[PDB]
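Enquirer: Sharing a structure, written as structure tokens. Questions coming.
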Amino acid sequence: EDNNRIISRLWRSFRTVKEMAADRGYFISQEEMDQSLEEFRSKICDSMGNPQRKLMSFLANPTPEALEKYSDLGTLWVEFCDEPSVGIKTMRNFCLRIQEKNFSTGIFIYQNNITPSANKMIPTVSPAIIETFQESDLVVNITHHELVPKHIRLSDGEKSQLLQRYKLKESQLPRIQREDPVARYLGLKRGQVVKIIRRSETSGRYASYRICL
Amino acid sequence: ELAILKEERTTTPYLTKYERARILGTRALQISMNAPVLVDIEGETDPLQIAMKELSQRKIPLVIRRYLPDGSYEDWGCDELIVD
Amino acid sequence: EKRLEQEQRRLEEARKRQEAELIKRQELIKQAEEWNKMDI
Amino acid sequence: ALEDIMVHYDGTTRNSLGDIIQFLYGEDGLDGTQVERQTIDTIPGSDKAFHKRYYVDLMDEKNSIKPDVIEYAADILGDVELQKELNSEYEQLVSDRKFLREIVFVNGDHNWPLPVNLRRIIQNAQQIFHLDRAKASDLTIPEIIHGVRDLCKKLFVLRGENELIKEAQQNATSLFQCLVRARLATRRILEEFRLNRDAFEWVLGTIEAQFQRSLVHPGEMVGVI
Amino acid sequence: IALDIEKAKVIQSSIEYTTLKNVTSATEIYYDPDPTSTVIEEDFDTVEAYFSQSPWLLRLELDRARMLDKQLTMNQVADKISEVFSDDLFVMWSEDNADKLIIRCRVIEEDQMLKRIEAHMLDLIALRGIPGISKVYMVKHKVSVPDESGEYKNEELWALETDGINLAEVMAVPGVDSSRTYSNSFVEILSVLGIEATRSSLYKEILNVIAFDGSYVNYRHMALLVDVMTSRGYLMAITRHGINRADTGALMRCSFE
């Protein structure tokens with residue numbers, strides 16, 4: 001019934017969130033990655049079948065490779081919201097939790113909608129970063145699409161090397177929007193550069209670069 | 001400052017077609033305005049043909065200054081650029 | 001046989017790294033579960 | 001919209017503000033009048049046909065180079081360093097086949113515009129050096145391997161020693177190097193084309209010169225074109 | 001699902017949008033002041049079999065043929081009405097075996113109110129399907145795939161082509177290959193997949209338009225065009241609204257428009 005498809009969509013969103021966390025540098029165990037649907041229903045759903053989003057929250061730490069490559073990578077806290085509509089109360093509570101439990105970045109997945117007050121409170125949570133995603137747009141992982149090539153964020157040294165090699169200013173590079181779906185998937189901040197290796201029918205392979213806004 | 005040292009020149013070592021056309025035109029104009037010729041002309045009279053003969057023997061006394069997008073430049077002699 | 005031996009060595013090293021990372025991950029799993037229990 | 005776009009002396013395509021539109025013109029840095037349709041010989045066919053065409057085994061006597069095409073046919077069986085060279089060539093060809101079949105062209109299309117017509121160069125060499133008749137060739141296998149390998153690192157699109165420059169240069173010539181390796185294979189050179197030493201050196205020099213002549217010229221107004 | 005026709009038809013039925021107005025054939029308003037009985041003689045037997053507020057009655061006759069064609073159940077429509085209307089409307093429905101398929105309703109001066117309720121019901125009752133996808137067709141695609149021997153051999157597979165676009169919802173439907181769904185509108189591609197996919201889709205559309213009549217244009221020209229059209233991070237139209245909102249010189253911009 002509709003409960004079964006709700007559970008399936010929630011499981012797909014959870015898998016996409018785990019894949020996103022793994023692609024940004026954090027470590028997620030392979031058993032957790034291939035955690036099947038039946039195990040999800042066993043671990044989350046109760047006797048009547050309703051799911052508890054509060055049981056899906058987890059923590060992550062960067063791999064040594066990612067930590068060496070990116071030095072601004074802290075601890076990640078992902079939390080799903082039971083409340084369909086997220087008010088200023090819930091956003092403030094989440095901000096307080098992040099501030100007290102010293103996390104570098106916190107991802108907050110909501111179900112239906114977020115109030116404008118909460119959005120206006122998002123930028124004032126510095127130095128911690130809060131990012132908001134909707135449940136519906138996380139069902140399918142867009143980075144697995146055939147039309148989406150692989151994006152790789154560059155380190156500060158690599159960005160400096162690129163700018164020196166091409167003798168460019170930052171404003172002279174191709175741009176990518178902050179609200180771009182792939183930019184939001186990678187958690188791009190303003191001033192960061194991604195390397196995009198792409199298929200080419202004239203040379204086989206072609207590496208392009210874009211700078212976030 | 002803007003000049004680039006001769007050891008680290010990274011532009012192509014071949015004479016492009018635009019550079020060849022401009023160099024031939026400038027040399028032909030100079031020859032037609034009574035400039036000394038650096039090759040032995042047998043019976044040639046046309047300034048463009050004399051300029052082409054000078055180019056084939058690498059005797060054109062001109063320098064090409066190639067501009068980079070940032071403002072720097074590289075200086076290449078006409079005698080050190082390969083011409084087809 | 002030398003290439004096979006090198007491949008086995010690399011697989012064993014990767015397995016050891018994976019085991020160490022799993023050991024590190026289990027502590028985070030336990031802490032997250034405890035904090036979620038506290039939230040309830 | 002496209003009037004102020006020009007190829008610059010560093011190879012990039014830029015507008016009047018200096019903003020980069022393409023890091024290499026046409027992703028290969030070539031002129032549009034210098035390419036022709038050519039077939040890549042590693043893409044089509046079956047695995048049996050590919051193995052039969054490209055694999056050279058110096059141990060099995062009925063799956064080796066023919067004895068009437070090479071003057072050194074006697075002291076060739078049993079070598080291990082040469083067999084290692086041939087295995088390295090075959091592994092490179094298999095990597096090229098995997099790359100083209102899985103990433104670049106997934107539907108199997110193999111007739112694409114590329115520079116330097118190799119068939120024309122090969123038949124020109126055959127006509128010039130009179131490569132007819134059953135005469136054995138004096139072209140050793142390591143000479144073939146090292147000549148092709150060195151040729152695949154002199155196709156300069158970008159000049160410089162920076163690591164990014166080398167990565168871009170290797171990226172820009174991937175498809176053309178696949179074409180060259182698919183054509184100038186050891187078994188193919190020895191049996192189908194029957195080149196000798198002078199013909200081989202002429203082919204290598206001609207490929208290098210013609211590739212140099214096929215690059216786009218800085219100052220081109222490619223936007224208007 | 002791609003090599004089976006029945007599963008493909010199941011997916012097609014689950015994707016296509018179907019409203020109440022599609023299966024409805026006629027709607028009527030009747031006066032009946034008895035909640036437990038009725039005046040109409042044709043339906044009296046069925047309603048008394050069922051039984052064993054306002055006097056206004058609302059019954060609508062639905063076409064049997066198109067209701068069976070869409071593969072829908074009367075109970076499903078009843079649950080949809082019950083969900084959208086809670087207990088504000090009492091609903092009854094004739095069984096499958098009825099000669100004419102009917103479903104009544106009763107409210108719990110209100111003739112105009114019932115008329116507005118009937119119009120609203122006909123307008124926006126969604127039975128199933130993705131909103132915006134008006135029609136769905138089945139298409140066969142000839143695709144060349146390598147064999148187990150390495151040889152390339154043709155093949156035939158089933159695929160759906162729709163009218164109307166909703167990429168995000170259709171991509172999440174089970175049974176759909178979510179990593180290959182394509183739209184002919186690249187604004188939606190930009191909103192869902194990003195700017196690199198937008199570049200690829202823009203090249204694909206331009207190539208389709210150019211190559212339909214048999215013409216051929218070299219790749220680098222269209223590549224340069226779509227790279228100019230996607231270099232700023234968003235879609236830049238070839239118009240005054242796109243070209244003249246740049247940072248170029250005033251003299252260069254004034255000479256266009």
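Each chain of the structure tokens is named A, B, ... in the order shown, its residues numbered from 1; ligands are numbered from 1 in display order.
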Got a sec to pull out which chain B residues are within 10 Å of chain A, counting only C-alpha atoms, and send them as number ranges by chain?
Expert: B: 68-72
Enquirer: Could I get the residues of chain D with an atom no further than 9 Å from an atom of chain B, each paired with its nearest atom pair and that distance in Å to one decimal, using only C-alpha atoms, sorted by chain and residue number, as a Markdown table?
Expert:
| residue | atom | partner | partner_atom | distance |
| --- | --- | --- | --- | --- |
| D:8 | CA | B:68 | CA | 7.1 |
| D:9 | CA | B:11 | CA | 6.1 |
| D:10 | CA | B:11 | CA | 6.6 |
| D:11 | CA | B:11 | CA | 8.9 |
| D:14 | CA | B:69 | CA | 8.5 |
| D:18 | CA | B:69 | CA | 6.3 |
| D:157 | CA | B:12 | CA | 9.0 |
| D:158 | CA | B:12 | CA | 8.1 |
| D:159 | CA | B:10 | CA | 5.4 |
| D:160 | CA | B:10 | CA | 5.8 |
| D:217 | CA | B:16 | CA | 5.9 |
| D:218 | CA | B:16 | CA | 7.4 |
| D:219 | CA | B:18 | CA | 7.4 |
| D:220 | CA | B:18 | CA | 8.7 |
Enquirer: Export, as a PDB file, in the first residue's frame, the selected residues with N, CA and C atoms.
Expert:
ATOM      1  N   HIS D   8      43.615  32.138 -28.486  1.00  0.00           N
ATOM      2  CA  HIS D   8      44.771  32.885 -28.023  1.00  0.00           C
ATOM      3  C   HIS D   8      46.023  32.020 -28.083  1.00  0.00           C
ATOM      4  N   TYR D   9      47.159  32.645 -27.786  1.00  0.00           N
ATOM      5  CA  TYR D   9      48.454  31.997 -27.950  1.00  0.00           C
ATOM      6  C   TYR D   9      48.733  30.924 -26.907  1.00  0.00           C
ATOM      7  N   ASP D  10      47.936  30.840 -25.846  1.00  0.00           N
ATOM      8  CA  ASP D  10      48.063  29.760 -24.880  1.00  0.00           C
ATOM      9  C   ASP D  10      47.125  28.598 -25.172  1.00  0.00           C
ATOM     10  N   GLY D  11      46.358  28.670 -26.256  1.00  0.00           N
ATOM     11  CA  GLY D  11      45.466  27.605 -26.658  1.00  0.00           C
ATOM     12  C   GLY D  11      44.041  27.761 -26.189  1.00  0.00           C
ATOM     13  N   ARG D  14      38.725  32.501 -25.616  1.00  0.00           N
ATOM     14  CA  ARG D  14      38.299  33.559 -24.707  1.00  0.00           C
ATOM     15  C   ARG D  14      37.524  34.634 -25.459  1.00  0.00           C
ATOM     16  N   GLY D  18      38.435  38.440 -21.531  1.00  0.00           N
ATOM     17  CA  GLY D  18      39.393  37.475 -21.052  1.00  0.00           C
ATOM     18  C   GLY D  18      38.794  36.300 -20.322  1.00  0.00           C
ATOM     19  N   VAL D 157      50.297  19.555 -28.559  1.00  0.00           N
ATOM     20  CA  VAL D 157      49.252  20.564 -28.681  1.00  0.00           C
ATOM     21  C   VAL D 157      49.568  21.777 -27.818  1.00  0.00           C
ATOM     22  N   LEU D 158      50.095  21.543 -26.619  1.00  0.00           N
ATOM     23  CA  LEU D 158      50.472  22.594 -25.691  1.00  0.00           C
ATOM     24  C   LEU D 158      51.926  22.414 -25.291  1.00  0.00           C
ATOM     25  N   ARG D 159      52.645  23.524 -25.188  1.00  0.00           N
ATOM     26  CA  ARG D 159      54.040  23.517 -24.786  1.00  0.00           C
ATOM     27  C   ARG D 159      54.170  23.941 -23.328  1.00  0.00           C
ATOM     28  N   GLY D 160      55.147  23.352 -22.644  1.00  0.00           N
ATOM     29  CA  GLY D 160      55.384  23.659 -21.250  1.00  0.00           C
ATOM     30  C   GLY D 160      55.724  22.440 -20.421  1.00  0.00           C
ATOM     31  N   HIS D 217      45.400  27.905 -35.484  1.00  0.00           N
ATOM     32  CA  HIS D 217      46.322  29.032 -35.436  1.00  0.00           C
ATOM     33  C   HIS D 217      45.809  30.085 -34.466  1.00  0.00           C
ATOM     34  N   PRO D 218      46.642  30.568 -33.543  1.00  0.00           N
ATOM     35  CA  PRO D 218      46.219  31.668 -32.669  1.00  0.00           C
ATOM     36  C   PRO D 218      45.868  32.912 -33.472  1.00  0.00           C
ATOM     37  N   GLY D 219      44.825  33.606 -33.031  1.00  0.00           N
ATOM     38  CA  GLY D 219      44.282  34.725 -33.766  1.00  0.00           C
ATOM     39  C   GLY D 219      43.057  34.397 -34.586  1.00  0.00           C
ATOM     40  N   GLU D 220      42.693  33.117 -34.684  1.00  0.00           N
ATOM     41  CA  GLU D 220      41.476  32.710 -35.374  1.00  0.00           C
ATOM     42  C   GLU D 220      40.241  33.286 -34.699  1.00  0.00           C
TER      43      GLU D 220
END
Enquirer: Dump as a ChimeraX atom specification the residues of chain E that approach chain D to within 12 Å, counting only C-alpha atoms.
Expert: /E:142-155,217-233,236-249,252-253,255-257
Enquirer: Pull out every residue of chain A sitting within 9 Å of chain C, counting only C-alpha atoms, and send them as a list in words.
Expert: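 That gives the following set of residues: residues 27, 28, 29, 30, 54, 55, 56, 57, 58, 59, 60, 61 and 63 of chain A.
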Enquirer: So that I can check the surroundings of residue A:148, please list as a VMD selection string every protein, DNA and RNA residue that reaches within 6 Å of it, counting only C-alpha atoms and ignoring chain neighbours fewer than 3 positions away.
Expert: (chain A and resid 143 145) or (chain E and resid 197)
Enquirer: Residues of chain A within 9 Å of chain D, using only C-alpha atoms, as a PyMOL selection string?
Expert: chain A and resi 161-162+165-166+168-169+171-174+199-209
Enquirer: I need the contact residues of chain A against chain E, so if you could list those with any atom within 7 Å, counting only C-alpha atoms, and return them as a list in words, that would help.
Expert: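 Residues passing the distance filter: residues 139, 140, 142, 144, 145, 146, 147, 148, 174, 175, 176, 177, 180, 181 and 182 of chain A.
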Enquirer: Could you jot down the atom CA of residue E:186 to atom CA of residue E:235 separation for me, Å, one decimal place?
Expert: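 Going from atom CA of residue E:186 over to atom CA of residue E:235, I get 9.0 Å.
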Enquirer: Among stretch 85-223 of chain D, which residues carry a DSSP assignment of helix (DSSP H, G or I), reported as a ChimeraX atom specification?
Expert: /D:85-104,118-129,141-151,163-172,174-183,186-193,197-213
Enquirer: So the first atom is atom CA of residue D:125 and the second is atom CA of residue D:185; what is the distance between them in Å, to one decimal place?
Expert: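 These atoms are spaced 16.1 Å apart.
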Enquirer: Near residue E:111, counting only C-alpha atoms, which residues have an atom at most 12 Å away, once you skip same-chain residues fewer than 4 positions from it, shown as a PyMOL selection string?
Expert: chain E and resi 28-31+54-58+106-107+115-118
Enquirer: Write the residues you've just listed into a file as a PDB file, in the first residue's frame, and include N, CA and C atoms for each of them.
Expert:
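Saved result, result.pdb, follows:
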ATOM      1  N   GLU E  28     -25.578  14.135 -12.499  1.00  0.00           N
ATOM      2  CA  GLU E  28     -26.945  14.588 -12.297  1.00  0.00           C
ATOM      3  C   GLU E  28     -27.173  14.957 -10.838  1.00  0.00           C
ATOM      4  N   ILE E  29     -28.127  15.857 -10.622  1.00  0.00           N
ATOM      5  CA  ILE E  29     -28.552  16.275  -9.291  1.00  0.00           C
ATOM      6  C   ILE E  29     -30.022  15.919  -9.129  1.00  0.00           C
ATOM      7  N   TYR E  30     -30.335  15.189  -8.060  1.00  0.00           N
ATOM      8  CA  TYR E  30     -31.678  14.691  -7.800  1.00  0.00           C
ATOM      9  C   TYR E  30     -32.134  15.154  -6.426  1.00  0.00           C
ATOM     10  N   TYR E  31     -33.449  15.263  -6.259  1.00  0.00           N
ATOM     11  CA  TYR E  31     -34.047  15.613  -4.978  1.00  0.00           C
ATOM     12  C   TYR E  31     -34.574  14.339  -4.326  1.00  0.00           C
ATOM     13  N   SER E  54     -28.565  16.808   4.024  1.00  0.00           N
ATOM     14  CA  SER E  54     -29.443  17.582   3.163  1.00  0.00           C
ATOM     15  C   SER E  54     -30.215  16.665   2.220  1.00  0.00           C
ATOM     16  N   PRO E  55     -31.441  17.047   1.845  1.00  0.00           N
ATOM     17  CA  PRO E  55     -32.205  16.248   0.871  1.00  0.00           C
ATOM     18  C   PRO E  55     -31.580  16.178  -0.516  1.00  0.00           C
ATOM     19  N   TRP E  56     -30.674  17.095  -0.858  1.00  0.00           N
ATOM     20  CA  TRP E  56     -30.088  17.120  -2.192  1.00  0.00           C
ATOM     21  C   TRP E  56     -29.215  15.891  -2.433  1.00  0.00           C
ATOM     22  N   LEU E  57     -29.343  15.317  -3.625  1.00  0.00           N
ATOM     23  CA  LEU E  57     -28.601  14.126  -4.017  1.00  0.00           C
ATOM     24  C   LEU E  57     -27.735  14.433  -5.232  1.00  0.00           C
ATOM     25  N   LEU E  58     -26.558  13.815  -5.280  1.00  0.00           N
ATOM     26  CA  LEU E  58     -25.612  13.995  -6.377  1.00  0.00           C
ATOM     27  C   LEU E  58     -25.122  12.622  -6.812  1.00  0.00           C
ATOM     28  N   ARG E 106     -24.001  12.457  -0.965  1.00  0.00           N
ATOM     29  CA  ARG E 106     -24.968  13.243  -0.211  1.00  0.00           C
ATOM     30  C   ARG E 106     -24.214  14.190   0.710  1.00  0.00           C
ATOM     31  N   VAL E 107     -24.682  15.437   0.771  1.00  0.00           N
ATOM     32  CA  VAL E 107     -24.080  16.424   1.661  1.00  0.00           C
ATOM     33  C   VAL E 107     -24.501  16.136   3.099  1.00  0.00           C
ATOM     34  N   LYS E 115     -23.713  22.329  -6.757  1.00  0.00           N
ATOM     35  CA  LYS E 115     -23.211  22.524  -8.116  1.00  0.00           C
ATOM     36  C   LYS E 115     -21.728  22.879  -8.122  1.00  0.00           C
ATOM     37  N   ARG E 116     -21.312  23.778  -7.223  1.00  0.00           N
ATOM     38  CA  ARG E 116     -19.900  24.142  -7.130  1.00  0.00           C
ATOM     39  C   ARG E 116     -19.056  22.958  -6.674  1.00  0.00           C
ATOM     40  N   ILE E 117     -19.579  22.157  -5.742  1.00  0.00           N
ATOM     41  CA  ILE E 117     -18.873  20.964  -5.277  1.00  0.00           C
ATOM     42  C   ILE E 117     -18.707  19.963  -6.415  1.00  0.00           C
ATOM     43  N   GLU E 118     -19.760  19.770  -7.213  1.00  0.00           N
ATOM     44  CA  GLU E 118     -19.692  18.873  -8.366  1.00  0.00           C
ATOM     45  C   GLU E 118     -18.690  19.363  -9.407  1.00  0.00           C
TER      46      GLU E 118
END
Enquirer: Need the shell around residue D:119: protein/DNA/RNA residues with any atom at most 9 Å away, counting only C-alpha atoms. Skip same-chain ones fewer than 4 positions apart. Format as a list in words?
Expert: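 Neighbouring residues, sequence-local ones excluded: residues 38, 123, 124 and 183 of chain D.
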Enquirer: Looking at only C-alpha atoms, which of D:68, D:215, D:80, D:200 is the one that sits closest to residue D:140?
Expert: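 Among D:68, D:215, D:80, D:200, it is D:200 that comes nearest to residue D:140.
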Enquirer: What's around residue D:137 at 6 Å? Count only C-alpha atoms, leave out sequence neighbours fewer than 3 positions away in its own chain, and write the answer as a ChimeraX atom specification.
Expert: /D:69-70,196
